[PDB]
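Chains as they are written, first to last, in PDB author numbering: chain G, 345 to 568; chain R, 345 to 444, 447 to 576; chain K, 345 to 446, 449 to 576.
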Ligand SMILES: *[C@@H]1O[C@H](CO)[C@@H](O)[C@H](O)[C@H]1NC(C)=O
Ligand SMILES: *[C@@H]1O[C@H](CO)[C@@H](O)[C@H](O)[C@H]1NC(C)=O
Ligand SMILES: *[C@@H]1O[C@H](CO)[C@@H](O)[C@H](O)[C@H]1NC(C)=O
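Here is the structure:
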């Protein structure tokens, strides 16, 4: 008799440029032929839903209802409801879900930290992280692109959001990039883009090179 | 009715300098005569539980318990079971917790702040990158010339598993400090204690003198009439 | 008729992480049918020992016995008594050994090698100086990269009180390294252990050029019109 719903975060909408509504109903009795539907605040009908998940091997039934709409409807303020109806249910339960509004809105600050000098001494690998702090809300999406070509999602893992101790309403995140030491010698800019709902373009990247953190080495002056 | 028993994490052992295991009962009604105890592999005298809770906001009753054991009798494979004889359950509830993997020495690296970060002259962040270690639950803290900092100042991160390495983990630890408190000192040695090192505890420190790789310059002067004494 | 006893040194509880008490039985006649064991002031069960020593050819009784205990029992205040009964001396000989019941943090000052040693192009000596710590009997070890070196590579000097401060001590520990291995760019950190630091473990690392950037100011003059000055 447990009902849950995962709201569509900004990190998932930015992937396919389209929001998706999902509902997770677990801790129920294993039975088939379960009707899952979505109802709006005004009762307007929703689009066709399919791709219903099966039951878990541990005697747990899970039903997922997919519904794709535009970002304007989700940002307008309309509230949805994951209605679950079945024979064993004495009454059709309801659960509302929407986008919480009324929080802070600060533009993210990207600080691409250069790799440490001692890391390159081993000549084994090199982990370049992208420090992003001072943003609201949390759960932002970051990735890496190789001269415009995105890399595989497996290489980079987004750190879990966590509130900043020195800030009342800001968060921070990390995104490492494990690459070989010999690779970061002929370019490898590794632009760190950030997805947030405060920037005018919602995307901000930084361009670096091998001689980024190293200051000038020559100061030769000519006197004539 | 579920009973949990959180094993003593390595982070709490080093900080408190004393091991302490907790085994409490949950999902129980508001009944009295609820006693708890500790049973070892063979069964001997244990420490009496103290600091009993009162109640919970969700209309339930619980009783936590702590004991005092040694550190050598934990990594040898010994098990500790907290047997609770509930009044409403004819069968006593027993929870056995113990410890068993590969061991890799952690790698400690300190990342200096970026050049563009100091241009704002608002705050400075120092990250001590720790990667390639096993198992998880590693405690990372910061100090200042031998004086430890308050736990509210520095906050560690979660032990996210390394994607490239199938059996390693990486952690992060930020330290937001003022911009003016960086060019006059504040080494902020990154002290980290792990259970896969010959010396257990290791620490590394960085400062502003780590850079400037012999920034030399040669004055090229020719066909000039200065009339001075070099 | 005197039974010696070796107190648990701080240098022995860190290298092996196992504090064990041992009382040396000497100055007695060599005979069989003897009872050697350990007793505690509390009055609980005490583990026995093994590895009985041989017989001294100079007609001197010798016996060694060690038992494995925990680490918090010695620091709590519990006393351990080693009583040995001999046929010639029926009177028991009680040997109560306990740490004194009553402190400054050590300072690691890694002295860089001089230039005269490198001029001979034979070897290089790196010493680690630690001053201002109490009490004595500390442990100094050397580690390379991520593993310790051989025990014979470095020898730790005996503790000696500071002639200036009556409540401070100092220790010395040198290390032999070739010139080629010194200019490679290694660390050769000095990690010690003390019973007063918040983490009890500290280490300091250096490099070939870690003190100052050592910038240059050389000027190249190729003008034949600018005269010189005496
Ligand atoms: C060389 O650099 C130093 C420090 O950067 C500076 O003081 C000196 O004036 C420079 N030499 C010349 C000829 O400008
Ligand atoms: C080198 O610099 C020092 C101080 O910067 C100065 O005293 C000295 O005269 C300089 N050498 C020459 C040859 O001018
Ligand atoms: C030494 O550095 C000073 C700047 O501090 C500069 O004025 C002088 O010309 C330098 N001496 C040389 C280049 O011989």
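Ideal placement from N, C-alpha and C gives every residue a C-beta, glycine not left out.
- A Cβ-Cβ distance of about 54 Å is found for the pair residue 431 of chain K and residue 453 of chain K, leaving them out of contact under the 8 Å criterion.
- Residue 539 of chain G sits in a strand when the DSSP states are folded into three classes.
- Residue list for ligand 2: R/576, K/563 (CB closer than 6 Å to any heavy atom, chain order).
- Per DSSP, the continuous alpha helix (DSSP H) segment holding residue 356 of chain R begins and ends at 354 to 360.
- Taking C-beta separations shorter than 8 Å and ignoring five residues to either side along the sequence, the partners of residue 410 of chain R in its chain run 364, 365, 366, 391, 393, 394, 395, following chain order.
- Between ligand 3 and residue 565 of chain R, a heavy atom-to-CB distance of less than 6 Å is present.
- Put simply, the CB of residue 529 of chain R is far from chain G, with every gap to its CB atoms at 7 Å or more.
- Judged by pairs of C-beta atoms under 8 Å, the region 429 to 443 of chain R touches the region 364 to 384 of chain R, as three or more such pairs exist.
- Neighbourhood of residue 544 of chain R in chain K, by CB distance below 8 Å: 489, 493, 494, in chain order.
- With a cutoff of 7 Å on beta-carbon distance, residue 483 of chain G and residue 355 of chain G are scored as near each other.
- In the DSSP assignment, residue 528 of chain K falls within the alpha helix (DSSP H) that extends over 525 to 528.
- If you draw a straight line from the Cα of residue 347 of chain K to the Cα of residue 382 of chain K, it comes to about 13 Å.
- The continuous alpha helix (DSSP H) containing residue 420 of chain G extends over residues 415 to 420.
- At a cut-off of 7 Å, the C-beta of residue 534 of chain R has no neighbouring C-beta in chain K.
- When secondary structure is reduced to three states using DSSP, residue 463 of chain G falls in the helix class.
- With respect to the 7 Å criterion, residue 515 of chain R and residue 479 of chain R are classified as neighbours on the basis of their beta carbons.
- A Cβ-Cβ distance of about 6 Å is found for the pair residue 560 of chain R and residue 559 of chain K, placing them in contact under the 8 Å criterion.
- When the alpha-carbon of residue 494 of chain G is set against those of G/407, G/522, G/536, the nearest one is in G/536.
- Legend: CB atoms of the region 550 to 574 of chain R lying less than 9 Å from CB atoms of chain K belong to residues 550, 551, 555, 556, 557, 558, 559, 560, 561, 562, 563, 564, 565, 566, 567, 568, 569, 570, 571, 572, 573, 574.
- Rounded to the nearest angstrom, the gap between the Cα atoms of residue 557 of chain R and residue 465 of chain G is 16 Å.
- Within chain G, 509 have C-beta atoms less than 8 Å from the C-beta of residue 498 of chain R, given in sequence order.
- Within the DSSP secondary-structure output, residue 479 of chain R pairs in a beta bridge with R/515.
- Distance from the Cα of residue 460 of chain G is smallest, within the candidate group R/570, R/502, R/474, R/469, for R/474.
- In this structure, R/436 is the residue among R/377, R/423, R/436, R/420 with its C-alpha nearest to the C-alpha of residue 345 of chain R.
- Within the same chain, 443 come within 8 Å of residue 419 of chain R by CB-CB distance, once the 5 residues on both sides are set aside.
- For residue 451 of chain R, the closest Cβ of chain K is nearer than 7 Å.
- Cβ proximity to chain G below 8 Å picks out 469, 471, 473, 475, 477 from the region 467 to 482 of chain R.
- Residue pairing of residue 438 of chain R in beta bridges, as defined by DSSP: R/427.
- Judged by DSSP secondary structure, residue 549 of chain K falls within the beta strand (DSSP E) whose first and last residues are 547 to 550.
- Taking a C-beta distance under 7 Å as the contact criterion, residue 545 of chain R and residue 563 of chain G do not qualify as a contact pair.
- Scanning its chain for C-beta atoms nearer than 8 Å, with the 5 sequence neighbours on each side dropped, one finds around residue 525 of chain R the residues 464, 466, 467, 468, 469, 470, in chain order.
- Across the set K/517, K/434, K/360, the C-alpha of K/517 shows the shortest separation from the C-alpha of residue 505 of chain K.
- In its chain, beyond the 5 residues on either side, 374 have a beta carbon closer than 7 Å to the beta carbon of residue 403 of chain K.
- Annotated three-state conformation of residue 410 of chain K is strand, per DSSP.
- Following the DSSP letters along the chain, one finds residue 384 of chain G inside the beta strand (DSSP E) bounded by residues 379 to 384.
- Relative to residue 421 of chain R, the option among R/358, R/378, R/385, R/573 whose CA is nearest is R/385.
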